[PDB]
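Protein chains in written order, with PDB author numbering: chain T, 1 to 244; chain Z, 1 to 213; chain W, 1 to 204; chain b, 1 to 202; chain R, 1 to 233; chain S, 1 to 238; chain a, 1 to 216; chain V, 1 to 220. To start, the structure itself, in structure tokens.
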Amino acid sequence: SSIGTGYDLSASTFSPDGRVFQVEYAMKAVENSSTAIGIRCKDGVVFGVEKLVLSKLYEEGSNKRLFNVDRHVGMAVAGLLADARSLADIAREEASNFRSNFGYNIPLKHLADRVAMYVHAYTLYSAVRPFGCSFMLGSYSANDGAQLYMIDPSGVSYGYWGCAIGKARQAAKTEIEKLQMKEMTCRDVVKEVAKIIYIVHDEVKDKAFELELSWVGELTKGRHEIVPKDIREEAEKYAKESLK
Amino acid sequence: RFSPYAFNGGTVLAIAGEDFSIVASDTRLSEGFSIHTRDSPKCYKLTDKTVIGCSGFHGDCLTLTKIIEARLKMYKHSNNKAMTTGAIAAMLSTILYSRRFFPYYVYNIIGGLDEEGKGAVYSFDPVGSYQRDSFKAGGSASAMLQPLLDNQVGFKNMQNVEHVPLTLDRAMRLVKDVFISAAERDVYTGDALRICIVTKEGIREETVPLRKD
Amino acid sequence: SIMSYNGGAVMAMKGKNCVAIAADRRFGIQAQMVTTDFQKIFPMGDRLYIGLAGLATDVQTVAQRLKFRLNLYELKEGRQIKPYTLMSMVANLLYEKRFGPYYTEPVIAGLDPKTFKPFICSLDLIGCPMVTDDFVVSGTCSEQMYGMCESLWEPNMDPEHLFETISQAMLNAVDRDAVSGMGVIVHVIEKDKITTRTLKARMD
Amino acid sequence: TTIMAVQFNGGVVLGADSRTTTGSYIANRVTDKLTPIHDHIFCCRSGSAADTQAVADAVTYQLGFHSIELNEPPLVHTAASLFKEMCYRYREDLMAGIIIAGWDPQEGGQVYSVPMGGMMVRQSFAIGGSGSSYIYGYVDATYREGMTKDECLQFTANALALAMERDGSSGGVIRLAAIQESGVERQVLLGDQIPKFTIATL
Amino acid sequence: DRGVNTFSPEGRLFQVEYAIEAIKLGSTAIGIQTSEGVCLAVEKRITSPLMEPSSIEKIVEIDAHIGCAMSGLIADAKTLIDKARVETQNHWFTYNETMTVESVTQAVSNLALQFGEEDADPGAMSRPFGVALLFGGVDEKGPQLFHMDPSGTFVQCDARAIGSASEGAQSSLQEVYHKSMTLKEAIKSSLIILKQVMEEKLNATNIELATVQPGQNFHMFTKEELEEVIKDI
Amino acid sequence: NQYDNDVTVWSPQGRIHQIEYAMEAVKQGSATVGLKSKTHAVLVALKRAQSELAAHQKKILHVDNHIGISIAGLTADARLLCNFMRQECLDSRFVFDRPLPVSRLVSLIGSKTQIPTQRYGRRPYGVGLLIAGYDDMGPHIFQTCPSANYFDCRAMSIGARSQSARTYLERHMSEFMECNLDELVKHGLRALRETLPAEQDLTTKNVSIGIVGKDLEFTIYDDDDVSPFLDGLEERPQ
Amino acid sequence: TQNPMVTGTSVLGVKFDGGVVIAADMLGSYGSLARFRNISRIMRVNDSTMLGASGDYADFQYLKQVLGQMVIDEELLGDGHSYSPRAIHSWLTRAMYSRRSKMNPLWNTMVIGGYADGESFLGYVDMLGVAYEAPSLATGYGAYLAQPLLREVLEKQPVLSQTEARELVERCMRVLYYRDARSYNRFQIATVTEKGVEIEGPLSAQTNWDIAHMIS
Amino acid sequence: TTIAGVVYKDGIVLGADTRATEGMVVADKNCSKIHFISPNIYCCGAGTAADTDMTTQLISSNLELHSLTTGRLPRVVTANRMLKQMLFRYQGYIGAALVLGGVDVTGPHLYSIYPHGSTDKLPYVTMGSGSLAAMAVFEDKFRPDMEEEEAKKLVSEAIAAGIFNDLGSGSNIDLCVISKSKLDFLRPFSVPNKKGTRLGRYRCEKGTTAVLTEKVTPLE
Ligand SMILES: *[C@@](C)(CO)[C@](*)(O)[C@H](Cc1ccccc1)NC(=O)[C@H](Cc1ccc(OC)cc1)NC(=O)[C@H](C)NC(=O)CN1CCOCC1
Ligand SMILES: *[C@@](C)(CO)[C@](*)(O)[C@H](Cc1ccccc1)NC(=O)[C@H](Cc1ccc(OC)cc1)NC(=O)[C@H](C)NC(=O)CN1CCOCC1
């Protein structure tokens, strides 16, 4: 990854070794942003995001990196928050179009494919730039079970049991490989998600942070909800206690 | 095929004085031979100085009022001032003419104060034709209210009566009396009479019951 | 009737190695006659003629628009147009106006370039080709022209026999039609010459 | 036409007559009004022959692509929703009375009615077409809760035979189709096979 | 080589910045707002005695109560002045009243950054307007003077100068201008400052003067009108 | 140096310079402050004189009966964006007859401001806004950037030397909620004061105040209207 | 819609002390034929507002889908703002008039009921965009039969209890079944309250037919 | 018109009369109503003649384009779909009633296509104004899997019934036989109607027409 006499100026231009650098630089944007994780349990999916506060003058709840795409679908973002919100709007609209045409809640794998096709469309031309955003999508159904997907700036879509996107993605994934998520209840996962975030967070280099948590599963009747303050505060107590 | 219009009845009245303006209307909303509601006052405030009254097809009256309010803010944002009564009357003419080939089935009467604090009344047709006058009736009962006003306020057809300036009290009694008289003959008019009074300090409302049959 | 507004009558006939085309000369608006020297037969290239009957405007408009395409054809191609090719060009032109047609029913008569072989056809207002080996008619006196041609036409007629037949056919059919007449022009097409004649006819 | 679909436990039973009319002339005395849309999903067509056909062909195309993309055996409700969208958007242009009936691994046997307006409703049994008028009384008197597959076949055949008997714009041959998990099975009734209810007068 | 909508590292648009530089090449113009009215002065800057001075119009009326003086690329102002004229007449047609000086200024200011390359109409502007405008008029809020630049920023001024010599003219106004001077003093002051900065000698032909006041409409000063004020050496 | 010409060009660092340069316009603009209580939301803005003989440039603009904005950066981009905000508000009242929730308007800006940052030959909106509003959820102070990112604020200040105004609001943020309207404005312009060089202070000429809250609709106080708030000038220490 | 097909008849509504009650029979008539005997013509919009629709059922199914999504879209944001009954009423007036003005009307007549912030809401909407509020509402033949009875009671007693309003509706639905030839003795009762929106299953009105024997 | 089609043992027989009418007068005594679609599929046409010609030529053109791309012999279903989807799109304003017949890699197929875009697949179909007369013959004499000569006789008799009974039909009987290895386009299969010989002489002799003007233009 070097040559840039052209090649790296447009997404419609290949490098001599066959790479689209504009997509790779768009991926660098998500690499610079703070870490976001999501874990697929036995009965749902839990999301966790380290939200870095730039100023104490911002209200608790500002720059929310957790989104409701549909009444049953959640979205956690990393990277350029402007692109993240517009991608959420696209996901919202795709999910509502499905209901308006077919009469039921959009299956996650289909929603993930549709959105990823949109993401990919921004990697082919000089007229547009790729999204500087990676996002995860979570949903739980009685007929489909727990499902978790992740889409990167290129438009690639995969199903995950556990996934990390952001600054310390490789550092976070080593902590998630320690968990037996397939047998775990989503009540226990919240505790573990909070722990991983606190470990991965840089105490000295980055300032203070707010922990954002959401879930969708059996416990929440299939609806994607923000984790209640009493349960969130319990997990933060537990995550700080893990720092012995 | 399908009729995009309905006649809902209702009559609006306005009288311009020296320092006041009265905008009055019955509160009955009709269709065919039945009453929709007995509580539907047609007079509506726009600014501190201007009141509008709409009669005819209620669908259009509701829409048109919602258009005017939007436009009032649009003017306010751009020109940094409230729209004057004359400017509202002039604008309404263009809004009504914009639908020349698909007319608003609507009779408007604007009442309020002009730029010198005097009473002003503006009468409209469905397609936007308008003028300033001292008193006007518009609606299902306009043919009944008008001749009496032309006689009493306009002093027409009487031989020797010195033209005494209108007082607020006499104009209020005249308004109440013509509507009571209208409720006797026009089937669309009745229930209650709503009266708006525009003066130096805000707008006042008064309500007198009418025949309910 | 829309076709009866201007009147008109156009005819074509096959000979031995020749082909004749005749038309009436009246231009009228309903009952009133206006012009006595109105043109309805148009040259499309030496040994190829089109006759147009119907609404006088479209009679002119089609001829003018057909000649437009003919000239572009004859310039792009290095050749004169064949009688079958012109027939298809007319059919294409008229069918482009399928739901808003030109009120004219054309009649084409000519000899085939190189092989000098006779050709006759008639068309719809929406351009349906109809080829025959004897005669084709179009006009307000459609029925009258048929009665004459079915009883006068002979299999192998020479240029002069052909002339006499189309002349009698056009002349006597027109005489039973109120909106057709005021003279008849005849074009006879041989390999080496073209004979144009105007006949002595009733002017009522 | 007369068309009919009855839902049983493991799937659905569909039935139609075979008459196509152009005025008072039978243009086609043996018509297959039971149109396959997918493996287990069928539709019954009544109204305009050209209109219903075109919609059917568009739903087949639309559901075909949808199924492959979703990677699931298509829902009967989904196929019915594709009919609804078209029948509602172009309700002023089409004359279509459709009954969509089929099987899917999620909800089993389903019968949906899409009348001329473009509304959609699930029913235990549905009837449509001009001939369905004469059999409302019979169908309401005969229908029983929880009929077996073989009984539903008899029930549709009886109702249709009575309708073809009275209705001029219905007749010919009874076409039956049974759809369950195992697949689709078709049968045809000719002359003697049509349930005879004898001419009942003096 | 970049697009016309490219930001400099300082946070400005190159094309907009360079459009401001074009004014520095235009002929200088002065407007003064007083209690008794608004006066507008501008130098014509004739290059040949064969050229008719009456055809060079840098001060034009928009309505009876609004005048406009311009500096820079005169050709560009054609559209801006026309759009201002259409706006005033559209307002009368709809609202039966005259537009306020601020309203007109704002309407024209909306057109300033209406330029671009991609995602454009079949006739969209390719670049900013290379002109500065001085709107002098009178409405209900008395007499006001507004100044618009290529960036779109419009502001009320008590006294403002625009042009090649707007450096020395602005500082000269900050000496003479009192917020309660008369219109006669205002006209006198402006012409004095104008002749201080002009290359050519000031007379009744090489300059243009107009006044709008609460009493009477936009008035263009003729030769004789000018002689009356020029005579003060 | 070759990635800073278009918005569609990503740099090798994962940055877009055109969006970052557009943000510089907010810094180049005059400083403004916005703070809220439990009932009121107050905008205080410092006006600039181009050449102190012209009037101080406008800073606070109307959006609706419950929403008003303070601008920093390009004026022409500010008016363009304000017209959008005005339009969405008018649309809500036309259709639903209810005031558009502040949060929902701000997120509509977040979508509109994004569109240009991703198309070729386009540019970001070179303006940062401070939105003050009141709805069912109480008072609001919101911040928008040239990057379509927006922030929900306890208190915020943007512009030239806004860092000193930000540190004052940092110190006194624990007092804003239970405090009253008269004290809120005092805190607002005391922050705006900190931006000014030690020579010059606040006057009736250079201060603009916008207030929206529970009892009153959005009102702008400019010249003689601003003096009741200045009366109570605590004077500046350093 | 130029020509309605499957249609629903009367929809009733009256507000009481505590909330609003709405009634509609479960029939979809195809001309004079009673084709669909088991269809719901009442929908729950959100926690605070409900809707009953007269006229073309296919058009109602469209509005049900559109409003359905609107409520879903709001609950996604979770900003603490939700559509008031008055807001849905306002929106519906805008929708119906828009289609009327396009000369392609949604063939419907709606009754909106709601309870928000102590006071109860009841609104009417035409296929033309005629909208108003009223303490009692009735569409179709209900306007000629039920509304007269509803107004007579409210003359004597302006405020009603839930029970009094409910048994009044019972009486109104009984008259409608006697006199309207496009009705059906199987209806739903919908109720807005502080607790939320409840729709109750199949209900029949008890009928008297004694007047058969007294002709002679 | 009268047009008819039959499916027999080896393939398809298609039949048509040769009468075209304008009003209630015969315009063409010998017009071609059986149209070429592909070397293996032919189509009969009835109704608006010009619509018949242009619709049948457009689809023939589109199939050649298709068969050149595939390198394969075109299918009767493709001809059916192409004709069906067009005629429907034009809401029945293109007045083409069609009898489509051909032999595929799938086998022998026969279709009837209506102006509105409704299709039927049947062993025997009739279209045109003489369809009732032709359909009567089929209902009375048709048998499954009949021989080529027998099917030729059947279709011709059906067309004959349309000719001698429908005023819109007349003149010659045309046939088109399509099998797995052979195609017979029998133009005048039968000439059941002939003009009576003119035994009276009316030949107008030379010089019996008066001329006013004459111009002779020589050519190459
Ligand atoms: C029964 C027989 C009659 O109601 C059925 O509904 C049947 C439906 C069917 C037919 C074939 C295949 C599947 C299902 N309907 C018909 O046979 C139908 C009757 C009809 C004609 C016109 C209509 O208005 C649009 C509606 C119904 N017949 C046809 O479609 C025939 C093939 N075509 C014509 O009649 C031609 N019409 C089209 C409309 O304009 C007049 C000429
Ligand atoms: C039999 C003869 C009809 O009785 C056939 O359907 C035949 C089909 C045919 C004939 C020749 C070549 C190919 C196919 N139809 C006709 O001969 C047809 C009859 C007809 C006339 C008018 C109609 O009304 C719409 C429909 C059918 N004849 C013609 O097309 C004649 C030559 N042209 C016209 O009548 C001109 N019309 C065309 C339609 O618009 C109005 C003017």
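Ideal Cβ placement from N, Cα and C applies to all residues, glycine included.
{"Query": "Contact test: b:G129 Cβ vs ligand 1 heavy atom, cutoff 7 Å", "Result": "yes"}
{"Query": "Any non-hydrogen atom of ligand 2 within 7 Å of V:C176 CB", "Result": "no"}
{"Query": "CA-to-CA distance, a:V14 to a:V153, given in whole angstroms", "Result": "11 Å"}
{"Query": "Coarse secondary structure for W:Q80, derived from DSSP in three states", "Result": "coil"}
{"Query": "Which listed residue (b:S124, b:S132, b:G137, b:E165) has its alpha carbon closest to that of b:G146", "Result": "b:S124"}
{"Query": "Closer than 7 Å at the beta carbon, the chain V residues around W:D46", "Result": "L219"}
{"Query": "Members of the segment 38 to 61 of chain V that neighbour chain W once the beta carbon cut-off is set at 7 Å", "Result": "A49, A50, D53, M54"}
{"Query": "Cβ-based neighbour list, a:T93, same chain, cut-off 8 Å, excluding 5 preceding and 5 following", "Result": "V125, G129, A131"}
{"Query": "Limits of the alpha helix (DSSP H) - the one that Z:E206 falls within", "Result": "First-last for Z:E206: 203 to 209, but that is the beta strand (DSSP E), not the alpha helix (DSSP H)."}
{"Query": "T:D83 - DSSP class collapsed to helix/strand/coil", "Result": "helix"}
{"Query": "Segment contact, 8 Å Cβ cut-off, at least three pairs: the segment 166 to 180 of chain S with the segment 4 to 15 of chain S", "Result": "no"}
{"Query": "Near-chain S residues of the segment 70 to 91 of chain Z - C-beta to any C-beta below 9 Å", "Result": "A70, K73, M74, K76, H77, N80"}
{"Query": "Where the beta strand (DSSP E) containing V:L14 begins and where it ends", "Result": "12 to 16"}
{"Query": "Whole-angstrom C-beta distance between a:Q69 and T:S96, which should lie under 8 Å", "Result": "6 Å"}
{"Query": "C-beta atoms of W:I81 and W:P101 nearer than 8 Å", "Result": "no"}
{"Query": "Test: T:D89 CB closer than 8 Å to a CB of chain S", "Result": "yes"}
{"Query": "Spatially closest choice to V:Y8 from V:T208, V:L154, V:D184, by CA coordinates", "Result": "V:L154"}
{"Query": "Cβ contact check for the segment 2 to 20 of chain Z and the segment 114 to 122 of chain Z: 3 or more pairs under 8 Å", "Result": "yes"}
{"Query": "V:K121 CB to nearest heavy atom of ligand 1 below 7 Å", "Result": "no"}
{"Query": "Near ligand 2: V:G168 beta-carbon under 7 Å from a heavy atom", "Result": "yes"}
{"Query": "Three-state secondary structure (DSSP) of R:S151", "Result": "coil"}
{"Query": "Residue 246 of chain R versus Z:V106: straight-line alpha-carbon distance, rounded", "Result": "Only positions 1 to 233 of chain R appear in the structure, and residue 246 of chain R is not among them; the question remains open."}
{"Query": "Interface residues of the segment 92 to 119 of chain T facing chain a [CB-CB below 8 Å]", "Result": "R92, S96, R99, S100"}
{"Query": "Cβ neighbour criterion (16 or more within 10 Å) applied to b:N28", "Result": "buried"}
{"Query": "8 Å Cβ cutoff, b:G118 in contact with chain a", "Result": "yes"}
{"Query": "Check: W:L125 C-beta below 7 Å from any heavy atom of ligand 2", "Result": "yes"}
{"Query": "Own chain, CB closer than 8 Å to Z:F57, minus 5 neighbours either side, in chain order", "Result": "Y5, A6, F7, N8, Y104, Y105, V106"}
{"Query": "Buried versus exposed, by CB contacts within 10 Å (16 or more), a:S54", "Result": "buried"}
{"Query": "Cβ-based burial, a:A23 [other Cβ within 10 Å; buried from 16]", "Result": "buried"}
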